[PDB]
Amino acid sequence: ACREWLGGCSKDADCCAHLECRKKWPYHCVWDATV
């Protein structure tokens, strides 16, 4: 359905959830910052 931690974010919101989009290509979802 969506990408999880270290998947492939297309949105900085969280792709799946509780995440953010890495600004480093290739963009993968990481745990926001210090969540």
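Residues numbered from 1 in each chain as written, not as in the entry; some residues may be left out. Heavy atoms only, no water.

The record names solution NMR as the way this model was obtained.

### Some details on the overall build of the protein
Helix and strand content of the protein: zero helices and two strands. Projected onto its principal axes, the C-alpha coordinates of the protein cover approximately 20 × 20 × 15 Å. For the protein, the residues scored as buried account for 23% of the 35 residues in total. Within the protein, contacts between residues at least 6 apart in sequence are counted, and of these 11% link residues at least 24 apart. Of the accessible surface of the protein, which amounts to about 2800 Å², a share of 55% is contributed by carbon and sulfur atoms. Side-chain charges of the protein comprise 5 positive and 5 negative groups, with the mean position of each set lying 7 Å from the other. (Helix = DSSP H or I, 4+ residues; strand = E, 2+ residues; numbered from the N terminus. Buried < 20%, exposed > 50% of the residue type's maximum accessible area, 1.4 Å probe, protein only. Contact = heavy atoms within 4.5 Å. Areas by Shrake-Rupley, 256 points an atom, 1.4 Å probe, with all protein chains shown as cover. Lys, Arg positive; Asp, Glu negative; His and termini not counted. Charge placed at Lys NZ, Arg CZ, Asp CG, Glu CD.)

### Considerations on a nonpolar patch on the surface
Together, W5, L6, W31 and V35 make up an exposed nonpolar region whose accessible area comes to about 460 Å². In this structure, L6 sits in the segment before β1 (20-21). (Patch = residues over 30% accessible without salt bridge, like charges linked within 9 Å, V, L, I, M, F, W, Y side chains within 5 Å. Salt bridge = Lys/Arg side-chain N within 4 Å of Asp/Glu carboxyl O.)

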